file model02.pdb (PDB, C-alpha atoms)
ATOM      1  CA  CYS A   1      -0.023   2.186  -9.069
ATOM      2  CA  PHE A   2       0.007  -1.368  -7.719
ATOM      3  CA  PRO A   3      -1.966  -4.481  -8.741
ATOM      4  CA  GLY A   4      -5.220  -5.125  -6.980
ATOM      5  CA  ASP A   5      -3.259  -8.019  -5.384
ATOM      6  CA  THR A   6      -1.422  -5.435  -3.349
ATOM      7  CA  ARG A   7      -2.549  -5.515   0.274
ATOM      8  CA  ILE A   8      -3.251  -2.136   1.756
ATOM      9  CA  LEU A   9      -3.224  -1.501   5.451
ATOM     10  CA  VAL A  10      -6.182   0.609   6.519
ATOM     11  CA  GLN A  11      -8.387   1.259   9.515
ATOM     12  CA  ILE A  12     -11.998   0.445   9.427
ATOM     13  CA  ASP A  13     -14.293   1.313  12.232
ATOM     14  CA  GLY A  14     -11.228   1.839  14.319
ATOM     15  CA  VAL A  15      -9.947  -1.545  13.301
ATOM     16  CA  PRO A  16      -6.830  -1.956  11.266
ATOM     17  CA  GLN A  17      -7.288  -4.257   8.356
ATOM     18  CA  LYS A  18      -4.846  -5.401   5.795
ATOM     19  CA  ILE A  19      -6.611  -5.982   2.566
ATOM     20  CA  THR A  20      -5.732  -5.834  -1.040
ATOM     21  CA  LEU A  21      -6.515  -2.765  -2.905
ATOM     22  CA  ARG A  22      -9.163  -4.645  -4.768
ATOM     23  CA  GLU A  23     -10.633  -5.594  -1.429
ATOM     24  CA  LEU A  24     -10.013  -2.243   0.287
ATOM     25  CA  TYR A  25     -11.636  -0.582  -2.702
ATOM     26  CA  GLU A  26     -14.850  -2.389  -1.971
ATOM     27  CA  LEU A  27     -15.246  -0.480   1.239
ATOM     28  CA  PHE A  28     -15.918   2.450  -0.981
ATOM     29  CA  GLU A  29     -18.688   3.391  -3.292
ATOM     30  CA  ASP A  30     -19.653   6.209  -5.651
ATOM     31  CA  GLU A  31     -17.560   5.548  -8.693
ATOM     32  CA  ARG A  32     -16.900   8.285 -11.101
ATOM     33  CA  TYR A  33     -15.263   8.218 -14.481
ATOM     34  CA  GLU A  34     -12.476  10.669 -14.917
ATOM     35  CA  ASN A  35      -8.945  10.903 -16.287
ATOM     36  CA  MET A  36      -9.851   7.865 -18.335
ATOM     37  CA  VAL A  37      -9.786   5.926 -15.100
ATOM     38  CA  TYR A  38     -12.226   5.318 -12.337
ATOM     39  CA  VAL A  39     -12.389   7.077  -9.130
ATOM     40  CA  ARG A  40     -14.334   5.847  -6.197
ATOM     41  CA  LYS A  41     -14.957   8.235  -3.405
ATOM     42  CA  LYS A  42     -16.696   8.139  -0.046
ATOM     43  CA  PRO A  43     -16.441   5.057   2.119
ATOM     44  CA  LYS A  44     -19.587   3.209   3.129
ATOM     45  CA  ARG A  45     -18.231   2.852   6.616
ATOM     46  CA  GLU A  46     -15.551   4.417   8.617
ATOM     47  CA  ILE A  47     -12.543   3.861   6.513
ATOM     48  CA  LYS A  48      -9.206   5.334   7.260
ATOM     49  CA  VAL A  49      -5.861   4.664   5.737
ATOM     50  CA  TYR A  50      -2.537   3.948   7.396
ATOM     51  CA  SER A  51       0.222   6.050   5.918
ATOM     52  CA  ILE A  52       3.799   6.912   6.900
ATOM     53  CA  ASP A  53       5.469  10.181   7.635
ATOM     54  CA  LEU A  54       8.719  10.223   5.719
ATOM     55  CA  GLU A  55      10.210  12.906   7.782
ATOM     56  CA  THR A  56       9.726  11.181  11.014
ATOM     57  CA  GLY A  57       9.336   7.658   9.787
ATOM     58  CA  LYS A  58       6.174   7.123  11.799
ATOM     59  CA  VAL A  59       2.952   5.404  10.963
ATOM     60  CA  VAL A  60       0.117   7.846  10.856
ATOM     61  CA  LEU A  61      -3.528   7.463   9.969
ATOM     62  CA  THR A  62      -5.455   9.663   7.617
ATOM     63  CA  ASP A  63      -8.709   9.940   5.687
ATOM     64  CA  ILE A  64      -9.151   8.812   2.166
ATOM     65  CA  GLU A  65      -9.653  11.089  -0.815
ATOM     66  CA  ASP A  66     -10.712   8.364  -3.203
ATOM     67  CA  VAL A  67      -9.864   5.025  -4.679
ATOM     68  CA  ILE A  68      -7.472   4.922  -7.553
ATOM     69  CA  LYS A  69      -8.841   2.556 -10.150
ATOM     70  CA  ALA A  70      -7.077   2.470 -13.475
ATOM     71  CA  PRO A  71      -7.197  -0.023 -16.331
ATOM     72  CA  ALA A  72      -4.259  -2.413 -16.076
ATOM     73  CA  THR A  73      -2.391  -1.344 -19.186
ATOM     74  CA  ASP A  74       1.325  -1.404 -18.388
ATOM     75  CA  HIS A  75       3.155  -4.198 -16.650
ATOM     76  CA  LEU A  76       4.500  -4.201 -13.154
ATOM     77  CA  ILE A  77       7.834  -4.862 -11.567
ATOM     78  CA  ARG A  78       7.806  -7.157  -8.598
ATOM     79  CA  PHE A  79       9.994  -6.860  -5.607
ATOM     80  CA  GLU A  80      10.632  -9.823  -3.432
ATOM     81  CA  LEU A  81      11.984  -9.199  -0.083
ATOM     82  CA  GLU A  82      14.291 -11.476   1.925
ATOM     83  CA  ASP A  83      11.283 -11.953   4.186
ATOM     84  CA  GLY A  84       9.139 -13.043   1.310
ATOM     85  CA  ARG A  85       7.225  -9.836   1.017
ATOM     86  CA  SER A  86       6.494  -8.798  -2.474
ATOM     87  CA  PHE A  87       4.937  -5.767  -4.035
ATOM     88  CA  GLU A  88       4.375  -4.556  -7.558
ATOM     89  CA  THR A  89       4.258  -1.199  -9.228
ATOM     90  CA  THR A  90       3.553   0.162 -12.757
ATOM     91  CA  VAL A  91       7.303   0.731 -12.931
ATOM     92  CA  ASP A  92       6.640   4.442 -13.494
ATOM     93  CA  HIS A  93       5.458   4.583  -9.895
ATOM     94  CA  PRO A  94       8.226   5.724  -7.485
ATOM     95  CA  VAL A  95       9.304   3.406  -4.686
ATOM     96  CA  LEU A  96      10.579   4.616  -1.324
ATOM     97  CA  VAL A  97      13.888   3.075  -0.345
ATOM     98  CA  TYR A  98      16.040   3.728   2.628
ATOM     99  CA  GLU A  99      19.609   4.038   1.444
ATOM    100  CA  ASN A 100      22.359   6.607   1.980
ATOM    101  CA  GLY A 101      20.769   7.166   5.346
ATOM    102  CA  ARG A 102      17.899   8.827   3.615
ATOM    103  CA  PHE A 103      14.676   7.999   1.970
ATOM    104  CA  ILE A 104      14.732   8.195  -1.755
ATOM    105  CA  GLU A 105      11.987   7.826  -4.313
ATOM    106  CA  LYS A 106      12.978   5.762  -7.319
ATOM    107  CA  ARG A 107      10.642   4.408 -10.010
ATOM    108  CA  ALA A 108      10.052   0.647  -9.973
ATOM    109  CA  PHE A 109      11.999   0.404 -13.207
ATOM    110  CA  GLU A 110      14.627   2.543 -11.438
ATOM    111  CA  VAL A 111      14.819   0.340  -8.379
ATOM    112  CA  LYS A 112      17.423  -2.385  -8.379
ATOM    113  CA  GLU A 113      17.792  -5.776  -6.796
ATOM    114  CA  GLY A 114      18.999  -5.593  -3.251
ATOM    115  CA  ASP A 115      17.117  -2.325  -2.793
ATOM    116  CA  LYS A 116      15.153  -1.649   0.389
ATOM    117  CA  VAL A 117      11.795  -0.416   1.286
ATOM    118  CA  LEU A 118      10.530   1.066   4.391
ATOM    119  CA  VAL A 119       8.304  -1.068   6.348
ATOM    120  CA  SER A 120       6.355   0.340   9.191
ATOM    121  CA  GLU A 121       6.885  -3.086  10.754
ATOM    122  CA  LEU A 122       3.939  -2.239  12.940
ATOM    123  CA  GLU A 123       1.324  -4.944  12.891
ATOM    124  CA  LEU A 124      -2.224  -4.964  14.211
ATOM    125  CA  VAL A 125      -1.504  -8.045  16.300
ATOM    126  CA  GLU A 126      -4.542  -9.953  15.024
ATOM    127  CA  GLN A 127      -3.214 -11.494  11.829
ATOM    128  CA  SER A 128      -6.059 -14.000  11.726
ATOM    129  CA  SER A 129      -7.043 -15.269   8.289
ATOM    130  CA  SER A 130     -10.109 -13.612   6.725
ATOM    131  CA  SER A 131     -12.355 -11.075   8.409
ATOM    132  CA  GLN A 132     -13.495 -13.258  11.292
ATOM    133  CA  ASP A 133     -12.731 -10.804  14.060
ATOM    134  CA  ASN A 134     -12.873  -7.002  14.175
ATOM    135  CA  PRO A 135     -13.989  -5.378  17.515
ATOM    136  CA  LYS A 136     -10.719  -6.133  19.269
ATOM    137  CA  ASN A 137      -8.163  -3.627  20.303
ATOM    138  CA  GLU A 138      -7.044  -5.497  23.405
ATOM    139  CA  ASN A 139      -3.772  -7.386  24.015
ATOM    140  CA  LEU A 140      -2.244  -4.068  25.145
ATOM    141  CA  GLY A 141      -1.917  -2.793  21.628
ATOM    142  CA  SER A 142       1.753  -1.953  21.641
ATOM    143  CA  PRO A 143       4.172  -3.463  19.098
ATOM    144  CA  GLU A 144       7.915  -3.032  18.490
ATOM    145  CA  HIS A 145      10.019  -3.438  15.354
ATOM    146  CA  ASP A 146      12.840  -1.475  13.795
ATOM    147  CA  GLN A 147      14.131  -3.041  10.643
ATOM    148  CA  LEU A 148      13.970  -2.511   6.937
ATOM    149  CA  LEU A 149      13.891  -5.149   4.330
ATOM    150  CA  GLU A 150      15.947  -5.666   1.165
ATOM    151  CA  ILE A 151      14.667  -6.866  -2.088
ATOM    152  CA  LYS A 152      15.965 -10.253  -2.798
ATOM    153  CA  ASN A 153      14.481 -10.359  -6.255
ATOM    154  CA  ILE A 154      13.039  -8.129  -8.815
ATOM    155  CA  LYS A 155      11.236  -9.183 -11.936
ATOM    156  CA  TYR A 156       8.913  -7.929 -14.560
ATOM    157  CA  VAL A 157       5.518  -9.363 -14.189
ATOM    158  CA  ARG A 158       2.076  -8.544 -15.426
ATOM    159  CA  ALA A 159      -0.836  -6.963 -13.610
ATOM    160  CA  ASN A 160      -3.040  -9.551 -11.928
ATOM    161  CA  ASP A 161      -6.178  -7.478 -12.155
ATOM    162  CA  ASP A 162      -7.660  -5.510 -15.031
ATOM    163  CA  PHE A 163      -7.415  -2.491 -12.833
ATOM    164  CA  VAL A 164      -4.695  -1.238 -10.599
ATOM    165  CA  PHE A 165      -5.037   0.720  -7.401
ATOM    166  CA  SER A 166      -3.060   2.858  -4.950
ATOM    167  CA  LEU A 167      -5.772   4.450  -2.882
ATOM    168  CA  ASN A 168      -5.671   8.195  -2.905
ATOM    169  CA  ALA A 169      -5.644   9.716   0.542
ATOM    170  CA  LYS A 170      -4.143  12.724   2.331
ATOM    171  CA  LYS A 171      -0.536  13.616   1.384
ATOM    172  CA  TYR A 172      -1.214  11.699  -1.889
ATOM    173  CA  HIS A 173       0.670   8.652  -3.235
ATOM    174  CA  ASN A 174       1.701   7.497   0.229
ATOM    175  CA  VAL A 175       0.379   4.257   1.542
ATOM    176  CA  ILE A 176       1.271   1.177   3.432
ATOM    177  CA  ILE A 177       0.880  -2.007   1.486
ATOM    178  CA  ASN A 178       1.726  -5.685   1.677
ATOM    179  CA  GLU A 179       3.619  -6.346   4.883
ATOM    180  CA  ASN A 180       3.724  -2.634   5.509
ATOM    181  CA  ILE A 181       5.782  -1.616   2.575
ATOM    182  CA  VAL A 182       5.951   2.108   2.461
ATOM    183  CA  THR A 183       6.019   4.028  -0.781
ATOM    184  CA  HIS A 184       5.621   7.693  -1.741
ATOM    185  CA  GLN A 185       5.941   9.904  -4.795
TER     186      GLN A 185
END
call {"tool": "encode", "arguments": {"input": "model02.pdb", "output": "structure tokens"}}
result
Amino acid sequence: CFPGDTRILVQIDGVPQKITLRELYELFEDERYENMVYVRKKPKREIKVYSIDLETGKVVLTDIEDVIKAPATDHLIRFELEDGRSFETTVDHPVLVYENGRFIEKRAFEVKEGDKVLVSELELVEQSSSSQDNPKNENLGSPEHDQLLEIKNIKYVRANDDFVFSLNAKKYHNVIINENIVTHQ
């Protein structure tokens, strides 16, 4: 899991939005109690989730199974990228790094400084602050970026929220967060 602070890239009403899991989560309703955590299922709008295909390395879109809401109990490791991107995980959560010419899944507490993550590097063009715009898919709609980022700094930090999220969708434990940081079990 990641802190609610973790930004998740999704698609809402055919519009890609990058919003924290605590924010993304809100696009959902119907919360159930299970596994000693909370599970929210069924979006109140058209909510899709941007995920990555490990095998091909492409950014795909899928439907959501539910929202992963769990009481912030453990602490989280933070990864700071050379670009200034940073993401956190419950340390037990595997991180997807691109080393040895392959993609490997290592726990946050198993990841080391100077490690990499896969970034889809594919933006939605409109990086405007807040949800001011939405019905815009103009400006061609074709990006271009092929580069992965190394972790400049890792640290042990504490969960910002009292709940942590990951957003459960198809393929499971595979989502694009922060500045498109890809992770998978």
call {"tool": "residues_around", "arguments": {"input": "model02.pdb", "residues": "residue 10 of chain A", "least_positions_apart": "3", "cutoff": "6 Å", "atoms": "only C-alpha atoms", "output": "list in words"}}
result
residues 16, 17, 48, 49 and 50 of chain A
call {"tool": "closest_residue", "arguments": {"input": "model02.pdb", "among": "A:104, A:37, A:70, A:47", "to": "residue 13 of chain A", "atoms": "all atoms listed in the file"}}
result
A:47
call {"tool": "closest_residue", "arguments": {"input": "model02.pdb", "among": "A:176, A:1, A:140, A:60", "to": "residue 92 of chain A", "atoms": "only C-alpha atoms"}}
result
A:1
call {"tool": "closest_residue", "arguments": {"input": "model02.pdb", "among": "A:126, A:74, A:63, A:110", "to": "residue 169 of chain A", "atoms": "all atoms listed in the file"}}
result
A:63
call {"tool": "resolve_selection", "arguments": {"input": "model02.pdb", "expression": "the PyMOL selection byres ((chain A and resi 45) around 12)", "output": "list in words"}}
result
residues 11, 12, 13, 14, 15, 24, 25, 26, 27, 28, 29, 41, 42, 43, 44, 46, 47, 48, 63 and 64 of chain A
call {"tool": "atom_distance", "arguments": {"input": "model02.pdb", "atom1": "atom CA of residue 113 of chain A", "atom2": "atom CA of residue 147 of chain A"}}
result
18.0 Å
call {"tool": "closest_atom_pairs", "arguments": {"input": "model02.pdb", "of": "segment 108-157 of chain A", "to": "segment 84-90 of chain A", "cutoff": "12 Å", "atoms": "only C-alpha atoms", "output": "tab-separated table"}}
result
residue	atom	partner	partner_atom	distance
A:108	CA	A:89	CA	6.1
A:109	CA	A:90	CA	8.5
A:110	CA	A:89	CA	11.2
A:111	CA	A:89	CA	10.7
A:116	CA	A:85	CA	11.4
A:117	CA	A:87	CA	10.2
A:118	CA	A:85	CA	11.9
A:119	CA	A:85	CA	10.3
A:121	CA	A:85	CA	11.9
A:148	CA	A:85	CA	11.6
A:149	CA	A:85	CA	8.8
A:150	CA	A:85	CA	9.7
A:151	CA	A:86	CA	8.4
A:152	CA	A:84	CA	8.4
A:153	CA	A:86	CA	9.0
A:154	CA	A:86	CA	9.1
A:155	CA	A:88	CA	9.4
A:156	CA	A:88	CA	9.0
A:157	CA	A:88	CA	8.3
call {"tool": "atom_distance", "arguments": {"input": "model02.pdb", "atom1": "atom CA of residue 142 of chain A", "atom2": "atom CA of residue 81 of chain A"}}
result
25.1 Å
call {"tool": "resolve_selection", "arguments": {"input": "model02.pdb", "expression": "the PyMOL selection byres ((chain A and resi 102) around 12)", "output": "NGL selection string"}}
result
:A and (54-57 or 96-101 or 103-105 or 116-118)
call {"tool": "write_last_selection", "arguments": {"input": "model02.pdb", "atoms": "C-alpha atoms", "output": "CSV table (one decimal), keeping the file's coordinate frame"}}
result
chain,number,residue,atom,x,y,z
A,54,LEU,CA,8.7,10.2,5.7
A,55,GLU,CA,10.2,12.9,7.8
A,56,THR,CA,9.7,11.2,11.0
A,57,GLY,CA,9.3,7.7,9.8
A,96,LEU,CA,10.6,4.6,-1.3
A,97,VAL,CA,13.9,3.1,-0.3
A,98,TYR,CA,16.0,3.7,2.6
A,99,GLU,CA,19.6,4.0,1.4
A,100,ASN,CA,22.4,6.6,2.0
A,101,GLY,CA,20.8,7.2,5.3
A,103,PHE,CA,14.7,8.0,2.0
A,104,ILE,CA,14.7,8.2,-1.8
A,105,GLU,CA,12.0,7.8,-4.3
A,116,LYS,CA,15.2,-1.6,0.4
A,117,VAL,CA,11.8,-0.4,1.3
A,118,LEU,CA,10.5,1.1,4.4
call {"tool": "atom_distance", "arguments": {"input": "model02.pdb", "atom1": "atom CA of residue 2 of chain A", "atom2": "atom CA of residue 79 of chain A"}}
result
11.6 Å
call {"tool": "closest_residue", "arguments": {"input": "model02.pdb", "among": "A:163, A:9, A:127, A:91", "to": "residue 69 of chain A", "atoms": "only C-alpha atoms"}}
result
A:163
call {"tool": "resolve_selection", "arguments": {"input": "model02.pdb", "expression": "the PyMOL selection byres ((chain A and resi 161) around 12)", "output": "PDB file with C-alpha atoms, in the frame of the given file"}}
result
ATOM      1  CA  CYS A   1      -0.023   2.186  -9.069  1.00  0.00           C
ATOM      2  CA  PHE A   2       0.007  -1.368  -7.719  1.00  0.00           C
ATOM      3  CA  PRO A   3      -1.966  -4.481  -8.741  1.00  0.00           C
ATOM      4  CA  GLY A   4      -5.220  -5.125  -6.980  1.00  0.00           C
ATOM      5  CA  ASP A   5      -3.259  -8.019  -5.384  1.00  0.00           C
ATOM      6  CA  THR A   6      -1.422  -5.435  -3.349  1.00  0.00           C
ATOM      7  CA  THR A  20      -5.732  -5.834  -1.040  1.00  0.00           C
ATOM      8  CA  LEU A  21      -6.515  -2.765  -2.905  1.00  0.00           C
ATOM      9  CA  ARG A  22      -9.163  -4.645  -4.768  1.00  0.00           C
ATOM     10  CA  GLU A  23     -10.633  -5.594  -1.429  1.00  0.00           C
ATOM     11  CA  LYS A  69      -8.841   2.556 -10.150  1.00  0.00           C
ATOM     12  CA  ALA A  70      -7.077   2.470 -13.475  1.00  0.00           C
ATOM     13  CA  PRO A  71      -7.197  -0.023 -16.331  1.00  0.00           C
ATOM     14  CA  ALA A  72      -4.259  -2.413 -16.076  1.00  0.00           C
ATOM     15  CA  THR A  73      -2.391  -1.344 -19.186  1.00  0.00           C
ATOM     16  CA  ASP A  74       1.325  -1.404 -18.388  1.00  0.00           C
ATOM     17  CA  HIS A  75       3.155  -4.198 -16.650  1.00  0.00           C
ATOM     18  CA  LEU A  76       4.500  -4.201 -13.154  1.00  0.00           C
ATOM     19  CA  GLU A  88       4.375  -4.556  -7.558  1.00  0.00           C
ATOM     20  CA  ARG A 158       2.076  -8.544 -15.426  1.00  0.00           C
ATOM     21  CA  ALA A 159      -0.836  -6.963 -13.610  1.00  0.00           C
ATOM     22  CA  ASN A 160      -3.040  -9.551 -11.928  1.00  0.00           C
ATOM     23  CA  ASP A 162      -7.660  -5.510 -15.031  1.00  0.00           C
ATOM     24  CA  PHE A 163      -7.415  -2.491 -12.833  1.00  0.00           C
ATOM     25  CA  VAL A 164      -4.695  -1.238 -10.599  1.00  0.00           C
ATOM     26  CA  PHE A 165      -5.037   0.720  -7.401  1.00  0.00           C
TER      27      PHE A 165
END
call {"tool": "axis_aligned_box", "arguments": {"input": "model02.pdb", "around": "segment 60-69 of chain A", "padding_each_side": "6 Å", "output": "AutoDock Vina command-line options"}}
result
--center_x -5.3 --center_y 6.8 --center_z 0.4 --size_x 22.8 --size_y 20.5 --size_z 33.0
call {"tool": "closest_residue", "arguments": {"input": "model02.pdb", "among": "A:138, A:31, A:179, A:146", "to": "residue 58 of chain A", "atoms": "only C-alpha atoms"}}
result
A:146
call {"tool": "build_atoms", "arguments": {"input": "model02.pdb", "residues": "segment 126-153 of chain A", "atoms": "N, CA and C atoms", "output": "PDB file, keeping the file's coordinate frame"}}
result
ATOM      1  N   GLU A 126      -3.640  -8.964  15.591  1.00  0.00           N
ATOM      2  CA  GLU A 126      -4.542  -9.953  15.024  1.00  0.00           C
ATOM      3  C   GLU A 126      -4.273 -10.147  13.539  1.00  0.00           C
ATOM      4  N   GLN A 127      -3.525 -11.182  13.214  1.00  0.00           N
ATOM      5  CA  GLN A 127      -3.214 -11.494  11.829  1.00  0.00           C
ATOM      6  C   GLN A 127      -4.031 -12.693  11.371  1.00  0.00           C
ATOM      7  N   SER A 128      -5.166 -12.895  12.027  1.00  0.00           N
ATOM      8  CA  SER A 128      -6.059 -14.000  11.726  1.00  0.00           C
ATOM      9  C   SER A 128      -6.500 -13.971  10.261  1.00  0.00           C
ATOM     10  N   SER A 129      -6.652 -15.147   9.677  1.00  0.00           N
ATOM     11  CA  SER A 129      -7.043 -15.269   8.289  1.00  0.00           C
ATOM     12  C   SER A 129      -8.507 -14.876   8.100  1.00  0.00           C
ATOM     13  N   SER A 130      -8.765 -14.072   7.064  1.00  0.00           N
ATOM     14  CA  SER A 130     -10.109 -13.612   6.725  1.00  0.00           C
ATOM     15  C   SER A 130     -10.627 -12.613   7.772  1.00  0.00           C
ATOM     16  N   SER A 131     -11.774 -12.038   7.508  1.00  0.00           N
ATOM     17  CA  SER A 131     -12.355 -11.075   8.409  1.00  0.00           C
ATOM     18  C   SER A 131     -13.300 -11.755   9.398  1.00  0.00           C
ATOM     19  N   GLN A 132     -12.723 -12.558  10.282  1.00  0.00           N
ATOM     20  CA  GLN A 132     -13.495 -13.258  11.292  1.00  0.00           C
ATOM     21  C   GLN A 132     -13.721 -12.356  12.493  1.00  0.00           C
ATOM     22  N   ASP A 133     -12.668 -11.688  12.913  1.00  0.00           N
ATOM     23  CA  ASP A 133     -12.731 -10.804  14.060  1.00  0.00           C
ATOM     24  C   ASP A 133     -12.697  -9.361  13.589  1.00  0.00           C
ATOM     25  N   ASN A 134     -12.886  -8.428  14.512  1.00  0.00           N
ATOM     26  CA  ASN A 134     -12.873  -7.002  14.175  1.00  0.00           C
ATOM     27  C   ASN A 134     -12.872  -6.104  15.430  1.00  0.00           C
ATOM     28  N   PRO A 135     -13.891  -6.211  16.303  1.00  0.00           N
ATOM     29  CA  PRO A 135     -13.989  -5.378  17.515  1.00  0.00           C
ATOM     30  C   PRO A 135     -13.014  -5.818  18.615  1.00  0.00           C
ATOM     31  N   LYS A 136     -11.729  -5.736  18.327  1.00  0.00           N
ATOM     32  CA  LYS A 136     -10.719  -6.133  19.269  1.00  0.00           C
ATOM     33  C   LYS A 136      -9.527  -5.228  19.167  1.00  0.00           C
ATOM     34  N   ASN A 137      -9.281  -4.527  20.221  1.00  0.00           N
ATOM     35  CA  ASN A 137      -8.163  -3.627  20.303  1.00  0.00           C
ATOM     36  C   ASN A 137      -7.474  -3.847  21.652  1.00  0.00           C
ATOM     37  N   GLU A 138      -7.622  -5.073  22.141  1.00  0.00           N
ATOM     38  CA  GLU A 138      -7.044  -5.497  23.405  1.00  0.00           C
ATOM     39  C   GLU A 138      -5.607  -5.967  23.191  1.00  0.00           C
ATOM     40  N   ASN A 139      -5.131  -6.837  24.091  1.00  0.00           N
ATOM     41  CA  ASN A 139      -3.772  -7.386  24.015  1.00  0.00           C
ATOM     42  C   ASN A 139      -2.753  -6.254  24.097  1.00  0.00           C
ATOM     43  N   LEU A 140      -3.065  -5.264  24.949  1.00  0.00           N
ATOM     44  CA  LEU A 140      -2.244  -4.068  25.145  1.00  0.00           C
ATOM     45  C   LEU A 140      -2.343  -3.134  23.952  1.00  0.00           C
ATOM     46  N   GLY A 141      -1.860  -3.585  22.830  1.00  0.00           N
ATOM     47  CA  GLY A 141      -1.917  -2.793  21.628  1.00  0.00           C
ATOM     48  C   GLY A 141      -0.640  -2.028  21.388  1.00  0.00           C
ATOM     49  N   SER A 142       0.467  -2.581  21.836  1.00  0.00           N
ATOM     50  CA  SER A 142       1.753  -1.953  21.641  1.00  0.00           C
ATOM     51  C   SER A 142       2.742  -2.937  21.011  1.00  0.00           C
ATOM     52  N   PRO A 143       3.210  -2.640  19.792  1.00  0.00           N
ATOM     53  CA  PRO A 143       4.172  -3.463  19.098  1.00  0.00           C
ATOM     54  C   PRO A 143       5.601  -2.955  19.300  1.00  0.00           C
ATOM     55  N   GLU A 144       6.507  -3.420  18.447  1.00  0.00           N
ATOM     56  CA  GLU A 144       7.915  -3.032  18.490  1.00  0.00           C
ATOM     57  C   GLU A 144       8.681  -3.712  17.366  1.00  0.00           C
ATOM     58  N   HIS A 145       9.244  -2.916  16.475  1.00  0.00           N
ATOM     59  CA  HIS A 145      10.019  -3.438  15.354  1.00  0.00           C
ATOM     60  C   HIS A 145      10.745  -2.313  14.654  1.00  0.00           C
ATOM     61  N   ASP A 146      12.033  -2.478  14.468  1.00  0.00           N
ATOM     62  CA  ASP A 146      12.840  -1.475  13.795  1.00  0.00           C
ATOM     63  C   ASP A 146      13.793  -2.145  12.843  1.00  0.00           C
ATOM     64  N   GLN A 147      13.331  -2.377  11.639  1.00  0.00           N
ATOM     65  CA  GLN A 147      14.131  -3.041  10.643  1.00  0.00           C
ATOM     66  C   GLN A 147      13.551  -2.835   9.264  1.00  0.00           C
ATOM     67  N   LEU A 148      14.407  -2.641   8.279  1.00  0.00           N
ATOM     68  CA  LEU A 148      13.970  -2.511   6.937  1.00  0.00           C
ATOM     69  C   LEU A 148      14.412  -3.687   6.137  1.00  0.00           C
ATOM     70  N   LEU A 149      13.690  -3.950   5.101  1.00  0.00           N
ATOM     71  CA  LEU A 149      13.891  -5.149   4.330  1.00  0.00           C
ATOM     72  C   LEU A 149      14.415  -4.872   2.914  1.00  0.00           C
ATOM     73  N   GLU A 150      15.374  -5.695   2.497  1.00  0.00           N
ATOM     74  CA  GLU A 150      15.947  -5.666   1.165  1.00  0.00           C
ATOM     75  C   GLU A 150      15.247  -6.596   0.211  1.00  0.00           C
ATOM     76  N   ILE A 151      15.217  -6.157  -1.003  1.00  0.00           N
ATOM     77  CA  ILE A 151      14.667  -6.866  -2.088  1.00  0.00           C
ATOM     78  C   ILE A 151      15.623  -7.919  -2.567  1.00  0.00           C
ATOM     79  N   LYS A 152      15.239  -9.122  -2.359  1.00  0.00           N
ATOM     80  CA  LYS A 152      15.965 -10.253  -2.798  1.00  0.00           C
ATOM     81  C   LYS A 152      15.870 -10.394  -4.293  1.00  0.00           C
ATOM     82  N   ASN A 153      14.688 -10.143  -4.833  1.00  0.00           N
ATOM     83  CA  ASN A 153      14.481 -10.359  -6.255  1.00  0.00           C
ATOM     84  C   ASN A 153      13.488  -9.456  -6.879  1.00  0.00           C
TER      85      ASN A 153
END
